[PDB]
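What follows is one structure encoded as structure tokens, with my remarks underneath.
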Amino acid sequence: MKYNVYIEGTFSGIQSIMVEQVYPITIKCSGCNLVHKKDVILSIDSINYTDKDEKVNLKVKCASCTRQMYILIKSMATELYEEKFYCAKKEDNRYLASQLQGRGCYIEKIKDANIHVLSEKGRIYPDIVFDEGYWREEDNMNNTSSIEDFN
Amino acid sequence: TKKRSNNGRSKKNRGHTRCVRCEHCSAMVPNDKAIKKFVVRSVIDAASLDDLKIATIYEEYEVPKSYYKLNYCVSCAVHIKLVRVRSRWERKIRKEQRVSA
Amino acid sequence: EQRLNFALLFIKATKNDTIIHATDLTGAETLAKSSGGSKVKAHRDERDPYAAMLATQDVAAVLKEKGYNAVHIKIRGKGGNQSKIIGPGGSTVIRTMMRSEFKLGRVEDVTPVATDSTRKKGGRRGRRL
Amino acid sequence: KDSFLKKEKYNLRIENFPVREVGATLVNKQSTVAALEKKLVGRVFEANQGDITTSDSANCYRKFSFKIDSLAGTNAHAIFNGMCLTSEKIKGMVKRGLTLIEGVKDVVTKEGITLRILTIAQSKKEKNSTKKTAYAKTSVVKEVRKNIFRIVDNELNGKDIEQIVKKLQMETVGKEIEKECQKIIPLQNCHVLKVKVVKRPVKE
Amino acid sequence: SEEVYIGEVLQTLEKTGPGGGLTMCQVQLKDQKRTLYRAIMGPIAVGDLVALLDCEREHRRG
RNA sequence: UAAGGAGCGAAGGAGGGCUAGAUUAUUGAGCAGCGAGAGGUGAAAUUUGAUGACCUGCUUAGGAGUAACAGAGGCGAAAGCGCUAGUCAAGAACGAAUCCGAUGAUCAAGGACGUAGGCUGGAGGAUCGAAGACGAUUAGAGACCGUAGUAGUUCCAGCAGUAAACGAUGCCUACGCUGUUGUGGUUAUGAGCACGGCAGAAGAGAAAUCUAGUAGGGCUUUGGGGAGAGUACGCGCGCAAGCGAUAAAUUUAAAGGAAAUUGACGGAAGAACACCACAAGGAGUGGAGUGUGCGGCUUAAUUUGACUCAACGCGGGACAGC
Ligand SMILES: [Zn+2]
């Protein structure tokens, strides 16, 4: 299965959205249809291998049917900002952060993603926190950056 | 050295025989050498016959069976464990196997 | 009370997928159709007894809407010069139809056997794995 | 747009059997009788002997086939189009250590229809005998087959379809074969295996 | 809804399943002719009474 | 003549050539129904589908093939031969008071046949598929796997001449133990004759095993420690591809030479066993701060052993001096 991770919302005063490729995810086994009892951290920096030596970011055994489950992150980033931050690809009114490739499982939920904002004034806002789906900052020159209806 | 008196096949007093194709990998194997297996399987599983007794419109019903003859090459028969390696005195024992279901 | 209003149900059951399809007695009009691959996500599950069972329920529902009560079943594998054993899932379509209310008429195996045949795929050595 | 709402049911009727009506078929509604003829005529269905007769539950091994021919009001009338044995019967009959005897023959009805008939028989192992197999010699098989063809010619050639259908129902050809050929060798499972319609005469 | 049938175990046959968790048993119903074969998973003694949800579902392998 | 050839009688066999038919199946088109996926794998991608796929009906067009029955069964000089009828020649075996009378065995030279793949010309072209092209996997895959695709694969008229063309066992003719099971004829119903399979025995052989027992019967082919070499030069056939036949110089103490014995190894198979294994149940560790050991870096010096279980509060290693 392939899943695209979009960042959706109304963006004002924002040049780029950058995303940590670290996702707390809920996974379901495609063999026995049981949900994994805990969320699992899927990270781009986690290096695992399938039983056929293919690189994956997550390897998990289903506790019920013993089947292996695998997830690979493909970063959709166009560039790395400061060699650290994955710039999400702008697509019309949203940002494509990554593509998650599941084998032997379904991804049921992504819980949270750590998001950083580059403003149109070149200011970085690291680790932005949303209140009820809203984020807003003002600079010393009265330029506003905001995200509304975050999804 | 010669391992079997019959060269591992049932051909005698003939030049050549028809080939057949392996069920598992489609390899060609001579008919007189291929490992053979017989199957007689009910169309309906045993775990449903107690529902069939209330589902059917007829006063009584006999379930239809399905019939097959399957052929295997040596490699497949050994790997699927239809046959196994045996000791130098056991190799000579010949007995008919059961029909599968 | 009511007479038995009958439909035909065709079932194909290969190693890869299962297809379920209801018709009038003539075979020339279609009432409902589904497959294992319609309901499930992963490609490795399209033959699964579970995917077959989910797909059967949708077909049973549409038939109950159109007002049918009883069913004749004709079932097959792939045949020809290929495999001629009924695949997994085939025998769970039938048991599911019986848990739904439907009365079962007659069952027949209708796999196309050949008296002799064209050459099979795979070459003289066969698949190596 | 629920197209299913816009469909007309018609009842299928048959002849020369105890049960007259066997089910019903759909079509999209149409304005002109010529269209309805062109849509319904030419369709086919099949029915088990056990469903169209009142009979021993043993006789379920045979199927009859009918082709839609004519329309009158609610009813479609259908005509004989062939006979077939069920797969379970054919496959279950063949056994190791015995010989199969098989034949193909063509015949003509008085009505002008031409039919092709397939026939089967099997050798039988006699009692008070200890040899494992009961194969038949190749020249002897030709004697049986020669006899089968004169029996089929006597029974079915130049008859009406009303007569043929009842002979097939009562299984008279099988019974005659077992009686006649016993002098050559003992036999079992004698049956007409398939009947197929080849040409229908151009008629109005 | 609370349908139930009470059945008396007459024999036990085989320790069964992955890890040997189940026991194949023969059970007769208390108010019907029916006698069944079933798998049961707790410890079982002969002459126990067990409560079934179905009188029909069966483990034919016996 | 229990040597050969000619002939008679009743019968048997996927032996061969020809003529006329057949039940399905795989593809391709037409039309109708339905309205979203199909295919393929260990798991997937190429790929195809709203120009309606897939699946279910009815029509058609082609070119291959004869499933199950079907076997330590049959036939043929070998290579090889499996649907049904009709037709045309010749052969093997058996039964018996038929005819001729040495007509015979084996064979350099010479002649005829020879699976498959290949070549020259015509017919045709369903399925499969060298070459070529992609998709994956890998350090790399040009390969194995999947998609697709051409020569070929079929027929007629020819060329070619090789196979693990093997039961790796030349052809006639002898002398030879028992039991059992086949195929076709004949029968005093007791048995025989031809062609087989199987299991012991006795002899034999380096053994494994036995087409290998006994033996100055007849005739042809053929080997003489490994390599170089079935290669060079000449010659004969072939349209070509090539094939047939066949040396020296040089090098070396043995040869992955034969079979059988014991170990070590394997990515085999089969039985067993166990909360320092698991399954069903308890308490934790992996995350925080601190205590302690190990690697890395720094320093004048941060002294050192040990690394899967079976290195890391271990070296009785809680160092102010010792
Ligand atoms: Zn195989």
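Ordering of the structure tokens sets the chain letters (A, B, ...); residue numbers start at 1 within each chain; ligands are numbered from 1 in the order shown.
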
Around ligand 1, at most 6 Å away and counting only C-alpha atoms (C1' of nucleotides) and all ligand atoms, which residues are there? Put them as a PyMOL selection string, please. chain B and resi 22+24-25+27+72-73+76

Closest-contact table, range 9-121 of chain C side, partner range 15-30 of chain F, 9 Å, counting only C-alpha atoms (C1' of nucleotides), as CSV:
```
residue,atom,partner,partner_atom,distance
C:80,CA,F:25,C1',5.8
C:81,CA,F:25,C1',7.8
C:112,CA,F:25,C1',7.5
C:113,CA,F:25,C1',6.9
C:114,CA,F:25,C1',4.5
C:115,CA,F:24,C1',5.5
C:116,CA,F:25,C1',7.0
C:117,CA,F:25,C1',6.0
C:118,CA,F:26,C1',6.3
C:119,CA,F:26,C1',8.9
```

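Taking CA of residue 145 in chain D as the reference point, CA of residue 108 in chain D is found at 20.0 Å.
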
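Of the listed residues E:42, E:47, E:7, E:18, the one whose atoms come nearest to residue 278 in chain F is E:18, with distances taken using only C-alpha atoms (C1' of nucleotides).
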
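With distances restricted to only C-alpha atoms (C1' of nucleotides), E:19 is the closest residue to chain F from E:33, E:5, E:19, E:53.
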
Could you list, with a cut-off of 7 Å and counting only C-alpha atoms (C1' of nucleotides), the residues of chain F near chain B, each shown with its nearest atom pair and the distance in Å rounded to one decimal, rows sorted by chain and ascending number, as CSV?
```
residue,atom,partner,partner_atom,distance
F:72,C1',B:10,CA,4.8
F:80,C1',B:16,CA,6.8
F:269,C1',B:85,CA,6.0
```

Please find the residues of chain A near chain F - the criterion being any atom within 9 Å, counting only C-alpha atoms (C1' of nucleotides) - and write them as an MDAnalysis selection string. chainID A and resid 52 54 103

Once you count only C-alpha atoms (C1' of nucleotides), which residues of chain F turn out to be within 6 Å of chain C? Could you give them as a VMD selection string? chain F and resid 24 to 25 33 56 to 57 65 to 67 127 to 128

Print the selection's residues with N, CA, C and O atoms (P, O5', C5', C4', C3', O3' and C1' of nucleotides) to a file, as a PDB file, in the first residue's frame.
```pdb
ATOM      1  P     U F  24     -18.430 -30.499 -28.224  1.00  0.00           P
ATOM      2  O5'   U F  24     -17.779 -30.217 -26.780  1.00  0.00           O
ATOM      3  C5'   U F  24     -16.740 -29.201 -26.667  1.00  0.00           C
ATOM      4  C4'   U F  24     -15.598 -29.698 -25.813  1.00  0.00           C
ATOM      5  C3'   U F  24     -14.580 -28.617 -25.444  1.00  0.00           C
ATOM      6  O3'   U F  24     -15.054 -27.888 -24.313  1.00  0.00           O
ATOM      7  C1'   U F  24     -13.456 -30.593 -26.184  1.00  0.00           C
ATOM      8  P     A F  25     -14.673 -26.329 -24.161  1.00  0.00           P
ATOM      9  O5'   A F  25     -13.066 -26.277 -24.211  1.00  0.00           O
ATOM     10  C5'   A F  25     -12.228 -26.310 -23.011  1.00  0.00           C
ATOM     11  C4'   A F  25     -10.778 -26.402 -23.420  1.00  0.00           C
ATOM     12  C3'   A F  25     -10.154 -25.092 -23.900  1.00  0.00           C
ATOM     13  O3'   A F  25      -9.659 -24.261 -22.855  1.00  0.00           O
ATOM     14  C1'   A F  25      -9.606 -26.847 -25.403  1.00  0.00           C
ATOM     15  P     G F  33     -27.367  -4.242 -24.147  1.00  0.00           P
ATOM     16  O5'   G F  33     -27.073  -4.972 -22.739  1.00  0.00           O
ATOM     17  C5'   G F  33     -28.177  -5.524 -21.954  1.00  0.00           C
ATOM     18  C4'   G F  33     -27.633  -6.449 -20.893  1.00  0.00           C
ATOM     19  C3'   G F  33     -26.809  -5.805 -19.775  1.00  0.00           C
ATOM     20  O3'   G F  33     -27.642  -5.184 -18.797  1.00  0.00           O
ATOM     21  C1'   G F  33     -25.741  -7.779 -20.518  1.00  0.00           C
ATOM     22  P     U F  56     -16.986 -16.960 -17.191  1.00  0.00           P
ATOM     23  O5'   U F  56     -18.504 -16.525 -17.470  1.00  0.00           O
ATOM     24  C5'   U F  56     -19.599 -17.113 -16.719  1.00  0.00           C
ATOM     25  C4'   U F  56     -20.882 -16.488 -17.213  1.00  0.00           C
ATOM     26  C3'   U F  56     -21.269 -16.854 -18.642  1.00  0.00           C
ATOM     27  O3'   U F  56     -21.856 -18.135 -18.672  1.00  0.00           O
ATOM     28  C1'   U F  56     -21.603 -14.537 -18.301  1.00  0.00           C
ATOM     29  P     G F  57     -21.509 -19.026 -19.964  1.00  0.00           P
ATOM     30  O5'   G F  57     -22.859 -18.945 -20.824  1.00  0.00           O
ATOM     31  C5'   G F  57     -22.828 -18.002 -21.888  1.00  0.00           C
ATOM     32  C4'   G F  57     -24.195 -17.453 -22.198  1.00  0.00           C
ATOM     33  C3'   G F  57     -24.525 -17.601 -23.683  1.00  0.00           C
ATOM     34  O3'   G F  57     -25.293 -18.790 -23.820  1.00  0.00           O
ATOM     35  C1'   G F  57     -24.454 -15.314 -23.131  1.00  0.00           C
ATOM     36  P     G F  65       0.249 -31.856 -34.497  1.00  0.00           P
ATOM     37  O5'   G F  65      -0.553 -32.421 -33.212  1.00  0.00           O
ATOM     38  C5'   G F  65       0.118 -32.569 -31.904  1.00  0.00           C
ATOM     39  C4'   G F  65      -0.867 -32.389 -30.770  1.00  0.00           C
ATOM     40  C3'   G F  65      -1.697 -33.614 -30.396  1.00  0.00           C
ATOM     41  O3'   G F  65      -1.025 -34.386 -29.407  1.00  0.00           O
ATOM     42  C1'   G F  65      -3.107 -31.682 -30.532  1.00  0.00           C
ATOM     43  P     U F  66      -0.487 -35.843 -29.817  1.00  0.00           P
ATOM     44  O5'   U F  66      -1.088 -36.666 -28.576  1.00  0.00           O
ATOM     45  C5'   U F  66      -2.253 -37.480 -28.813  1.00  0.00           C
ATOM     46  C4'   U F  66      -3.417 -37.032 -27.960  1.00  0.00           C
ATOM     47  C3'   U F  66      -4.426 -38.142 -27.647  1.00  0.00           C
ATOM     48  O3'   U F  66      -5.122 -37.838 -26.435  1.00  0.00           O
ATOM     49  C1'   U F  66      -5.417 -36.573 -29.092  1.00  0.00           C
ATOM     50  P     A F  67      -5.264 -39.030 -25.360  1.00  0.00           P
ATOM     51  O5'   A F  67      -5.297 -38.226 -23.970  1.00  0.00           O
ATOM     52  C5'   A F  67      -4.141 -37.426 -23.565  1.00  0.00           C
ATOM     53  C4'   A F  67      -4.450 -36.696 -22.281  1.00  0.00           C
ATOM     54  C3'   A F  67      -4.845 -37.596 -21.111  1.00  0.00           C
ATOM     55  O3'   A F  67      -3.703 -38.004 -20.375  1.00  0.00           O
ATOM     56  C1'   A F  67      -6.439 -35.890 -21.349  1.00  0.00           C
ATOM     57  P     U F 127      -1.917 -17.305 -30.098  1.00  0.00           P
ATOM     58  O5'   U F 127      -1.356 -18.500 -29.194  1.00  0.00           O
ATOM     59  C5'   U F 127      -2.200 -19.120 -28.185  1.00  0.00           C
ATOM     60  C4'   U F 127      -1.518 -20.393 -27.747  1.00  0.00           C
ATOM     61  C3'   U F 127      -0.113 -20.213 -27.145  1.00  0.00           C
ATOM     62  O3'   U F 127      -0.215 -19.970 -25.733  1.00  0.00           O
ATOM     63  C1'   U F 127      -0.102 -21.935 -28.807  1.00  0.00           C
ATOM     64  P     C F 128       0.873 -18.990 -25.076  1.00  0.00           P
ATOM     65  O5'   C F 128       2.269 -19.753 -25.311  1.00  0.00           O
ATOM     66  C5'   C F 128       2.796 -20.746 -24.367  1.00  0.00           C
ATOM     67  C4'   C F 128       3.990 -21.452 -24.981  1.00  0.00           C
ATOM     68  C3'   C F 128       5.304 -20.659 -25.033  1.00  0.00           C
ATOM     69  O3'   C F 128       6.086 -20.882 -23.864  1.00  0.00           O
ATOM     70  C1'   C F 128       4.912 -21.732 -27.128  1.00  0.00           C
TER      71        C F 128
END
```

Report, in Å with one decimal, the straight-line distance from CA of residue 47 in chain D to CA of residue 71 in chain C. 13.4 Å
